[PDB]
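Inspection log for the structure reproduced underneath, given as structure tokens.
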Amino acid sequence: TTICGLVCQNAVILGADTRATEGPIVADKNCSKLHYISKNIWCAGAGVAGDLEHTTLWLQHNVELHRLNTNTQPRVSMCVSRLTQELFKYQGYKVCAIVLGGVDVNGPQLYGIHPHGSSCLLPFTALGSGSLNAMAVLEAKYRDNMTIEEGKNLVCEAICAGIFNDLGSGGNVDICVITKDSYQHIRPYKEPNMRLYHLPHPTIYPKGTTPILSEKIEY
Amino acid sequence: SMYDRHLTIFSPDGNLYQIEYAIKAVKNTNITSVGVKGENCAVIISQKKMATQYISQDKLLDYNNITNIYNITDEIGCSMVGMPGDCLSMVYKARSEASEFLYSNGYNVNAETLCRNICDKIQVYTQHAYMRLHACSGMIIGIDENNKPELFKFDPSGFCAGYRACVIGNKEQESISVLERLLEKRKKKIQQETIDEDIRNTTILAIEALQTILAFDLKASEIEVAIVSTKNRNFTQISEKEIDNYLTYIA
Amino acid sequence: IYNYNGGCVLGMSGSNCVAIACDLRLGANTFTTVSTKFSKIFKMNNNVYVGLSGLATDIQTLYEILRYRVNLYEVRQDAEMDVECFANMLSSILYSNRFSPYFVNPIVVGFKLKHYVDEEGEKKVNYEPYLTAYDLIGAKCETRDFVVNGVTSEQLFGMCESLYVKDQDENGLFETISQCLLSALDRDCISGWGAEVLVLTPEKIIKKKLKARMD
Amino acid sequence: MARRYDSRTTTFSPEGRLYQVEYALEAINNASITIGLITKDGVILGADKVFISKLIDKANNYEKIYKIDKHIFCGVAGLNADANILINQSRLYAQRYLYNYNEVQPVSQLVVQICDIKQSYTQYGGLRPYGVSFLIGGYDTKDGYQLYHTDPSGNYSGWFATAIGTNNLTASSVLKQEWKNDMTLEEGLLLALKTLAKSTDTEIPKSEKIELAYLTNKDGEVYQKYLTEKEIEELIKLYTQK
Amino acid sequence: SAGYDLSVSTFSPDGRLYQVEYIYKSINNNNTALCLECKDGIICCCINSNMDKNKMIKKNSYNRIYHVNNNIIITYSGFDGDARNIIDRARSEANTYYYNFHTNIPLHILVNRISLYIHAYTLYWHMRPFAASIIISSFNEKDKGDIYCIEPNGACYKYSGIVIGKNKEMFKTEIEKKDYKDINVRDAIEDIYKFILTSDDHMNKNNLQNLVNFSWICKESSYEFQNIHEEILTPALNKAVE
Amino acid sequence: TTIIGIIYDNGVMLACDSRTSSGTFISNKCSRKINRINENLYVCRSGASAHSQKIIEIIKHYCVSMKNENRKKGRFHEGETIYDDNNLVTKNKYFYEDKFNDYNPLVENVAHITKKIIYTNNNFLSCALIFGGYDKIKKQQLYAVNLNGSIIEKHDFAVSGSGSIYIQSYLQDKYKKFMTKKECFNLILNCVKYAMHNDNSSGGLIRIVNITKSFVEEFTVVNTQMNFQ
Amino acid sequence: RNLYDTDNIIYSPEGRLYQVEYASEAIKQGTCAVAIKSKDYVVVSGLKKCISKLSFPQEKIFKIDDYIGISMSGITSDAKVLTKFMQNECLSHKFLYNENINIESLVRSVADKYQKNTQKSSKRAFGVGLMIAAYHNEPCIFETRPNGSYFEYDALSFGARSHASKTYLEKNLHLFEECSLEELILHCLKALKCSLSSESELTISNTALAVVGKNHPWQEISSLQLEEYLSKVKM
Amino acid sequence: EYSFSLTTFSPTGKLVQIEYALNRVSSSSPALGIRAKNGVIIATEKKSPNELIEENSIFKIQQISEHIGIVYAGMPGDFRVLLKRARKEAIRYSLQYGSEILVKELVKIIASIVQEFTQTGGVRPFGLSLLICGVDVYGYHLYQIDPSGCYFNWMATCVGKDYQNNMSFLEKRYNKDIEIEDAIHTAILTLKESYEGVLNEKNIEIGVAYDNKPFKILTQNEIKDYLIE
């Protein structure tokens with residue numbers, strides 16, 4: 001749970017780790033914590049994965065329904081007002097810190113939501129357990145109007161700082177670029193290799209015990 | 001039964017006569033309101049006259065009060081023409097939608113979404129027999145997020161077409177011809193260098209259309225214009241001191 | 001998820017087949033067993049197998065709802081329901097009880113049923129494994145290989161990580177998931193009174209009940 | 001006050017009948033015909049597809065014989081529009097019984113549920129009745145194959161063979177004269193074609209027309225439905241013996 | 001009129017909405033009410049002409065002059081019950097405004113809210129439209145007074161002086177003789193009596209200390225609602241003419 | 001956080017720090033706390049950040065609803081034409097100014113907007129607000145909405161937030177009845193800077209907003225404090 | 001006429017609500033009832049109705065509060081709803097507060113109860129008119145018509161032969177200074193006798209009569225007390 | 001007493017109110033749907049209007065979802081309320097199941113809503129007919145929904161005025177293995193021959209499915225190239 005995002009010269013860049021944990025142990029090394037709200041806005045979240053995953057689905061489809069009744073591309077501020085009112089109703093129970101960034105008729109804007117319903121427009125941020133580790137490297141290196149390429153690898157360092165220094169975050173890093181025309185969501189981007197690889201040793205066919213075998217064929 | 005008195009029941013020819021009768025109710029007021037759309041500028045006109053109703057006409061009413069032009073938000077304005085009670089009720093419904101849209105979505109309603117939402121209610125009347133249509137047809141102007149003008153007209157029958165030179169009143173059968181003709185002159189003029197000439201290309205165009213649609217003289221105290229052009233985007237009622245300034249461009 | 005009614009559910013993916021396994025215990029209290037037939041693997045559809053682990057009340061109560069809606073979907077459809085549509089339904093069903101949760105940790109296992117031409121003279125095509133795992137509030141922790149839940153989720157993760165290989169046939173996959181389950185149940189004292197491995201292929205379904213240690 | 005505008009759809013007539021149900025029965029007496037048949041192997045339902053155009057898909061669909069549950073199915077004759085209201089309702093009923101009692105709903109119990117809702121509208125509510133009546137054939141382990149014929153009034157009745165729809169009399173006559181108590185599945189299918197052909201006074205059916213389905217429980221309730229291809233053999237077989 | 005004038009929610013083929021113009025002839029056969037602006041304050045007037053033959057009412061009990069917020073005069077001319085329903089609703093809106101805004105409701109939106117409440121009843125089968133024409137007035141120092149007249153079916157119109165009731169045509173033609181906006185309020189009381197004595201069809205004749213009752217909101221009332229004390233009526237009863 | 005409001009001779013001045021701290025950690029620097037409700041009045045929001053932001057959203061909806069409702073029908077003020085620095089001494093003083101839609105017929109009173117809060121947060125909701133803006137009748141005014149919906153009109157100055165207590169007596173001394181714009185700006189700038197020097201809820205840049213009869217000007221100041229003693 | 005009568009919503013082409021004009025004459029069939037207001041007393045008398053010479057006379061006068069009493073004239077069932085409403089209103093006010101309900105405010109509270117049964121079409125106008133006679137701090141008499149309307153009077157009459165009784169009251173201006181209730185109760189009783197048909201039943205000890213005044217709470221006039229009053233009426 | 005059916009069975013057993021609704025559908029502009037081997041075409045003619053109107057502001061071919069289009073022929077007011085209500089179902093379905101709703105279930109849901117107004121009290125039947133076309137994992141679809149509520153599966157259909165001979169024209173020019181490009185050619189021709197005073201430019205409309213591409217509405221630049229023949 002290390003998510004981050006920053007505003008660039010004409011686009012927003014969102015980066016996130018890939019790891020879901022039961023708290024002592026890790027469930028999977030590859031969880032897409034980035035989410036598609038619309039073609040021009042994307043969101044990333046932290047907190048409980050239950051409330052986090054539904055809310056984005058609820059947000060994405062409300063936005064899409066809004067983008068159909070209305071005939072213009074969705075506003076970034078529209079989702080912030082939609083989420084925060086939803087989060088405000090459930091006083092603090094729907095705990096999900098969310099960063100959503102995108103572009104609209106205004107500039108590339110990025111918002112950091114909070115589980116209690118508060119929001120704030122930022123040039124760069126980071127949430128999750130590795131937020132503090134990721135926010136440090138962000139501040140030390142952030143500038144205004146960074147180029148897309150230069151700002152893209154800054155998030156790589158921003159996430160990798162949380163990947164390595166935080167226990168609760170790890171795995172591959174994934175990035176999304178939310179430029180006006182379209183997005184670019186790169187699913188693998190990092191996490192180097194060359195450890196002691198486990199030798200595959202499959203147990204032979206005559207194993208197990210199987211008191212019963214109720215074979216049947218369906219069609 | 002023979003009761004075509006119902007608001008909804010299809011007549012054997014497939015028509016809803018109540019829709020036709022409600023439209024006839026708007027024509028009965030013989031109040032003509034004209035709005036035209038230019039380049040990054042929209043203007044709208046009404047007649048500042050008593051709706052033709054049972055009550056005695058103008059003797060002591062302060063004519064300043066009598067207007068057919070309202071505004072829905074700081075940037076969206078409308079010209080409801082119809083029964084005075086229905087027009088007053090229509091704007092309050094319209095104002096609530098633009099207010100609710102703002103609170104629920106965090107940004108100001110489009111001029112095209114507001115009238116579409118309005119039409120989605122006028123349809124409910126059309127389909128529920130327990131109530132009655134608002135005999136009110138309105139024209140809505142505004143500026144979208146692309147700094148482009150927008151003009152839309154809705155009808156007692158839920159219908160939200162949206163024109164670029166629109167007329168409502170009792171002369172729309174022939175006002176469609178003059179407005180089409182009079183709007184082609186600004187197309188024949190291909191100077192294309194009019195830099196914020198809403199004052200002298202659009203407002204004067206609309207006043208000329210009203211002077212031609214109905215053949216009176218248009219005293220400055222019996223008309224009113226409102227413009228939501230870019231560089232204002234506020235739907236400000238243009239004062240009488242410069243309305244007769246355009247009325248002095250009969251030359 | 002509770003120590004009460006301790007039980008675990010495991011699923012694994014082979015080369016062109018998937019295997020879903022569970023333990024058959026039904027423990028009344030933590031350390032008190034009452035039944036060893038309590039199969040936690042249910043057949044939602046011909047190629048959609050769900051595995052419910054947790055409190056048996058919510059295991060059954062959720063299973064009634066799932067079976068009541070899959071049938072309603074399929075009958076209203078005249079079309080076999082696919083996993084990723086069903087899987088998302090299970091995610092929303094659990095969330096609808098966000099504040100009165102169904103104390104279960106479901107597993108959804110079954111083929112994905114792509115539908116390209118497969119030939120100039122064919123209609124439907126090969127299948128995809130589609131393993132996925134949830135929790136009590138329905139977080140879709142989709143995974144390309146083994147997924148586990150239950151009280152031995154942590155015991156099963158370690159063994160599966162060190163024994164699972166990329167692709168295996170029906171015979172090879174069954175042995176690995178059986179070893180990954182038997183030797184993981186033997187380290188739990190609240191689950192594992194008899195396993196039931198159910199490896200299924202696009203053509204057939206194999207049900208085996210292992211001679212698990214009962215202790 | 002819309003008192004003058006009301007029709008009083010739930011009011012008795014001077015002769016003790018209900019005019020709305022009286023007319024609804026008339027509506028379903030002009031709809032396409034539907035045939036029910038119980039054989040030893042299974043129950044046969046076959047209805048007549050009213051012709052609309054050759055541009056109809058007529059490949060993967062037909063709007064007379066729906067599926068209510070894995071072991072129950074119906075053949076609708078009447079207003080097709082509000083049938084789907086009752087079909088969806090009965091689908092809900094047959095699936096909620098399985099939710100409560102953890103077993104499939106017996107056919108005789110679904111019918112009384114779907115007939116109570118059909119009757120409730122003509123008892124109270126001031127709404128028009130359901131101008132729809134459909135045979136509901138199904139297999140239940142308690143009383144075997146069953147066939148029930150419903151009514152807009154809400155009163156149903158078990159049957160061995162019924163031919164509701166237009167020209168039902170000419171199709172009940174042939175059913176009554178040729179329905180042997182013990183029939184094989186293929187024998188019953190031929191009978192269904194014979195009564196469908198004679199009801200619409202055609203010597204031979206066309207297979208761009210009447211469609212057929214059955215249950216024939218094979219310990220698994222196979223519940224098969226015919227695409228048009230399988231009916232040529234049925235049409236071929238009818239031609240050979242008739 | 002051929003059946004289109006029964007319910008308020010039907011439009012006649014010529015567009016005119018009946019059942020509302022019938023109300024207009026109900027108020028126009030009712031006791032007249034008057035309200036005009038002067039240079040110091042609004043003065044209202046209600047001539048209870050229908051209450052002359054009774055000879056049993058208490059002298060100055062009946063009163064159609066009501067006030068809200070102590071600085072807004074509301075008078076009507078129609079059904080004394082239907083109008084009294086609106087006054088309680090007008091007071092409710094004034095209270096609702098104060099509970100929210102710590103400020104007396106501005107008059108120009110009080111008439112808007114009342115116009116919608118009155119109009120809301122002209123939109124339904126069941127609801128009976130109100131049969132009252134409402135006159136609302138208020139005076140301030142920084143801005144002079146203003147009078148609104150809320151007819152049935154909305155239509156709130158701002159006036160500089162209005163008469164509504166049976167003889168409103170014979171009252172207006174006499175009021176417009178003088179520009180009362182420059183006339184004092186003390187001597188305007190004399191003028192309206194001359195209209196009551198003449199323009200009233202012999203309903204009121206030299207015995208009207210009781211039939212007609214009215215109030216102002218002027219400077220001598222500190223711009224607050226106040227009925228005129230009887231010691232000022234009789235000096236205004238120097239009507240001895242011819 | 002900290003929040004100030006000073007009423008000078010011809011307007012009202014609102015200042016605040018810009019920091020939303022969450023338990024000795026700043027969730028974000030440069031968080032807006034001078035929120036615009038209407039062209040003529042602004043709101044200083046403090047307390048729990050989640051509660052204050054969601055109150056402001058409600059009030060803006062009420063403000064819009066009542067602004068266009070109290071719009072008189074016709075045309076007014078036909079012929080009337082009633083109309084009328086600090087030069088970066090404080091370093092990095094950003095700035096822009098906008099003008100009203102004057103005569104105040106449309107825009108509503110500050111007292112109207114003020115008791116929206118009581119009517120709204122007379123609840124179990126923790127947020128303290130300061131309301132300041134221009135008004136047609138009461139020229140410039142400053143309402144302090146307390147924790148449970150307790151408004152009192154402050155005719156001199158109002159302070160709130162955690163850092164208010166550190167400048168409670170500093171401000172009571174430097175205050176004068178009719179301060180000019182320059183004196184009020186320096187006073188309100190030094191009040192915040194002192195409330196920031198000795199409070200761990202000290203913002204980053206400080207945002208000062210001035211409401212006058214015909215315009216609102218907004219400054220953001222980036223500065224620290226260095227006593228010589 | 002035939003069309004403009006069916007419901008209580010349609011206005012006649014002359015703007016008349018027939019279905020409340022029709023209920024307004026149900027009061028014209030009830031027996032006469034007369035209220036007289038003195039300087040500090042109110043006297044209410046009504047003629048009870050005997051449907052047979054076995055039946056007991058129907059009750060006409062009802063007590064609402066300590067100093068409030070009424071005399072219905074119309075449909076008895078409709079009146080019973082209003083007395084319960086008024087009684088439950090004066091008691092609640094004497095419970096929520098410790099005062100006596102303002103009689104002016106109480107009449108308005110019951111005058112708009114008539115109203116709410118007139119806007120809707122599922123309801124009907126009350127067929128009963130009331131005579132709210134009370135002494136709050138000064139004597140006062142009210143009357144509520146079936147259409148929402150109320151007035152403060154100095155004398156009343158209800159329905160049966162009210163025009164006959166009104167003539168007696170319309171020509172009597174003494175009632176204001178008519179102290180000495182004996183002199184005032186005779187004035188009301190003579191009025192009630194005036195409406196009473198000749199060559200028929202005379203005013204007997206089966207006619208209601210009650211008083212309310214300064215220190216006189218609403219009390220019936222007992223038959224032994226009432227009996228001698230009837231004697232002076234014969235004079 | 002205010003909820004009683006206005007649609008009642010006539011003595012001859014016909015819902016006569018529905019027969020009136022179908023009369024008005026049979027007098028509107030002809031909408032038309034055609035499905036091909038690799039896509040579906042829905043086309044409607046929008047009569048040549050005055051230059052005052054903005055043609056793009058009204059579109060009889062709206063879009064339900066990524067692959068599901070729609071077109072109507074009836075009262076424009078009812079289309080909007082039905083289209084807006086149809087989009088909720090397409091979103092409500094996707095809020096439960098991951099995939100986009102498919103046409104068969106969408107049509108059944110919508111038809112159940114058109115049927116409700118046929119039976120429920122105090123309301124009139126919908127005065128329009130819809131043509132919902134889409135691309136699914138089960139191939140291409142083209143359905144039609146009557147005002148009565150019953151829906152039909154079509155390969156090619158017409159719903160507007162004079163659809164009797166309009167559909168007869170399609171029967172002799174349609175085959176199952178028709179190319180999508182040829183389908184548009186036939187779709188233009190059938191509208192062209194029915195439209196009296198053939199000026200079929202600026203007064204036509206096309207919507208295409210294109211073999212599992214997202215549903216797209218051809219703007220007029222992409223239409224004039226289809227009017228050569």
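Please note that chains go A, B, ... in the order of the structure tokens, that every chain numbers its residues from 1, and that ligands are numbered from 1 in the order shown.
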
Subject >> Shell around residue 175 of chain B at 6 Å using only C-alpha atoms, local window under 4 positions removed, as a ChimeraX atom specification >> reply: /B:171,179,213

Using the selection just defined, write its residues with N, CA, C and O atoms as an mmCIF file, in the first residue's frame.
data_model
loop_
_atom_site.group_PDB
_atom_site.id
_atom_site.type_symbol
_atom_site.label_atom_id
_atom_site.label_comp_id
_atom_site.auth_asym_id
_atom_site.auth_seq_id
_atom_site.Cartn_x
_atom_site.Cartn_y
_atom_site.Cartn_z
ATOM 1 N N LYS B 171 -46.292 34.194 -33.040
ATOM 2 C CA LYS B 171 -45.962 34.461 -34.435
ATOM 3 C C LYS B 171 -44.866 33.540 -34.954
ATOM 4 O O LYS B 171 -44.267 33.824 -35.995
ATOM 5 N N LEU B 179 -36.404 35.345 -39.075
ATOM 6 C CA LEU B 179 -35.215 35.074 -38.281
ATOM 7 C C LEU B 179 -34.181 34.316 -39.099
ATOM 8 O O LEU B 179 -32.982 34.596 -39.012
ATOM 9 N N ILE B 213 -40.723 40.882 -36.383
ATOM 10 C CA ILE B 213 -41.682 39.819 -36.092
ATOM 11 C C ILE B 213 -43.038 40.412 -35.743
ATOM 12 O O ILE B 213 -44.069 40.031 -36.307
#

**OP:** Name all residues at most 9 Å from residue 231 of chain D (count only C-alpha atoms; drop same-chain ones fewer than 4 positions away) and give them as an MDAnalysis selection string.
**Re:** chainID D and resid 207 211:212 226:227 235:236

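All chain C residues having an atom within 10 Å of chain D, based on only C-alpha atoms, amount to residues 61, 63, 64, 65, 66, 67, 68, 69, 71, 72, 75, 76, 77 and 78 of chain C.
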
Subject >> Interface residues on chain B facing chain D, 12 Å, only C-alpha atoms, written as an MDAnalysis selection string >> reply: chainID B and resid 1:7 9 129:131

Subject >> Within 12 Å of residue 212 of chain B using only C-alpha atoms, minus same-chain residues under 2 positions, as a list in words >> reply: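 Skipping anything fewer than 2 positions along the chain leaves residues 32, 34, 171, 174, 175, 176, 177, 178, 179, 181, 182, 205, 206, 207, 208, 209, 210, 214, 215, 216, 217, 218 and 250 of chain B.
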
**OP:** Work out how far apart atom CA of residue 36 of chain F and atom CA of residue 40 of chain B are and give it in Å to one decimal.
**Re:**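 Computing the Euclidean distance for atom CA of residue 36 of chain F and atom CA of residue 40 of chain B yields 27.6 Å.
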
Original post:
Any idea what's packed within 9 Å of residue 145 of chain B, counting only C-alpha atoms, ignoring anything in its chain fewer than 6 positions away? Could you give it as a ChimeraX atom specification?
Top reply: /A:72,105 /B:110

Original post:
Leaving out residue 158 of chain B and any residue of its chain fewer than 6 positions from it, which residues lie within 6 Å of it when counting only C-alpha atoms, given as an NGL selection string?
Top reply: (:B and (119 or 122-123)) or (:H and (77))

**OP:** Can you pull out every residue within 7 Å of segment 34-50 of chain A, counting only C-alpha atoms, but drop anything in the same chain fewer than 6 positions away, and send it as number ranges by chain?
**Re:** A: 1, 3, 16, 59-60, 76, 95-103, 127-128, 178, 180, 182-183; C: 137-139

Residue subset to file, keeping C-alpha atoms, as a PDB file, in the first residue's frame:
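Below is the file out_23.pdb, written as the result:
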ATOM      1  CA  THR A   1       0.000   0.000   0.000  1.00  0.00           C
ATOM      2  CA  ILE A   3       0.392   5.032  -3.821  1.00  0.00           C
ATOM      3  CA  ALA A  16       1.310   2.550  -7.004  1.00  0.00           C
ATOM      4  CA  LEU A  59     -17.635   6.022  -8.717  1.00  0.00           C
ATOM      5  CA  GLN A  60     -16.629   4.839 -12.189  1.00  0.00           C
ATOM      6  CA  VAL A  76     -12.191  15.916 -11.956  1.00  0.00           C
ATOM      7  CA  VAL A  95     -11.866   3.914   5.483  1.00  0.00           C
ATOM      8  CA  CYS A  96     -10.235   4.472   2.087  1.00  0.00           C
ATOM      9  CA  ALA A  97      -7.652   7.179   1.429  1.00  0.00           C
ATOM     10  CA  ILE A  98      -7.854   7.867  -2.308  1.00  0.00           C
ATOM     11  CA  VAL A  99      -5.795   9.956  -4.710  1.00  0.00           C
ATOM     12  CA  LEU A 100      -7.565  10.637  -7.992  1.00  0.00           C
ATOM     13  CA  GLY A 101      -5.929  12.625 -10.749  1.00  0.00           C
ATOM     14  CA  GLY A 102      -6.983  13.609 -14.213  1.00  0.00           C
ATOM     15  CA  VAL A 103      -7.472  16.389 -16.704  1.00  0.00           C
ATOM     16  CA  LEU A 127      -0.841   7.693   0.734  1.00  0.00           C
ATOM     17  CA  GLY A 128      -0.726   4.256   2.306  1.00  0.00           C
ATOM     18  CA  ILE A 178      -3.549  10.719 -17.583  1.00  0.00           C
ATOM     19  CA  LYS A 180      -5.678  14.990 -22.042  1.00  0.00           C
ATOM     20  CA  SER A 182      -5.909   9.377 -23.429  1.00  0.00           C
ATOM     21  CA  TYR A 183      -4.129   7.399 -20.725  1.00  0.00           C
TER      22      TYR A 183
ATOM     23  CA  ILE C 137     -16.152  -7.688   2.813  1.00  0.00           C
ATOM     24  CA  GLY C 138     -15.455  -8.850  -0.732  1.00  0.00           C
ATOM     25  CA  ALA C 139     -12.056  -7.667  -1.939  1.00  0.00           C
TER      26      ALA C 139
END

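Atom CA of residue 146 of chain C to atom CA of residue 171 of chain C spans 16.6 Å [interatomic distance, one decimal].
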
Could you make a table, as a Markdown table, of the residues of chain E that have an atom within 7 Å of an atom of chain G, each with its nearest atom pair and distance in Å to one decimal, counting only C-alpha atoms, in chain and number order?
| residue | atom | partner | partner_atom | distance |
| --- | --- | --- | --- | --- |
| E:6 | CA | G:10 | CA | 6.0 |
| E:7 | CA | G:10 | CA | 6.4 |
| E:19 | CA | G:11 | CA | 6.3 |
| E:22 | CA | G:15 | CA | 4.8 |
| E:23 | CA | G:15 | CA | 5.2 |
| E:25 | CA | G:15 | CA | 5.7 |
| E:26 | CA | G:15 | CA | 4.3 |
| E:56 | CA | G:153 | CA | 5.5 |
| E:57 | CA | G:153 | CA | 4.1 |
| E:58 | CA | G:153 | CA | 4.9 |
| E:61 | CA | G:152 | CA | 6.0 |
| E:62 | CA | G:151 | CA | 6.5 |
| E:80 | CA | G:149 | CA | 6.1 |
| E:81 | CA | G:148 | CA | 4.4 |
| E:126 | CA | G:121 | CA | 5.2 |
| E:127 | CA | G:120 | CA | 5.2 |
| E:128 | CA | G:119 | CA | 4.7 |

Just-selected residues, C-alpha atoms written as a PDB file, in the first residue's frame:
ATOM      1  CA  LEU E   6     -65.202  20.346 -14.782  1.00  0.00           C
ATOM      2  CA  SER E   7     -61.745  19.788 -13.292  1.00  0.00           C
ATOM      3  CA  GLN E  19     -62.368  26.304 -13.337  1.00  0.00           C
ATOM      4  CA  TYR E  22     -64.937  30.671 -12.469  1.00  0.00           C
ATOM      5  CA  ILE E  23     -62.981  31.506  -9.321  1.00  0.00           C
ATOM      6  CA  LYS E  25     -66.146  35.513 -10.870  1.00  0.00           C
ATOM      7  CA  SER E  26     -66.365  34.201  -7.306  1.00  0.00           C
ATOM      8  CA  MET E  56     -76.054  41.091  14.396  1.00  0.00           C
ATOM      9  CA  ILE E  57     -72.279  41.000  13.912  1.00  0.00           C
ATOM     10  CA  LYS E  58     -70.221  42.695  16.574  1.00  0.00           C
ATOM     11  CA  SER E  61     -65.189  42.137  14.854  1.00  0.00           C
ATOM     12  CA  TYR E  62     -64.961  41.079  11.214  1.00  0.00           C
ATOM     13  CA  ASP E  80     -62.641  34.149   4.045  1.00  0.00           C
ATOM     14  CA  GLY E  81     -61.576  30.609   4.880  1.00  0.00           C
ATOM     15  CA  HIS E 126     -58.446  16.298  -6.384  1.00  0.00           C
ATOM     16  CA  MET E 127     -57.145  19.545  -4.939  1.00  0.00           C
ATOM     17  CA  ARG E 128     -59.585  22.442  -5.009  1.00  0.00           C
TER      18      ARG E 128
END

Subject >> Those in segment 109-214 of chain H with strand (DSSP E) from DSSP, as number ranges by chain >> reply: H: 128-136, 139-145, 151-153, 156-158, 205-208
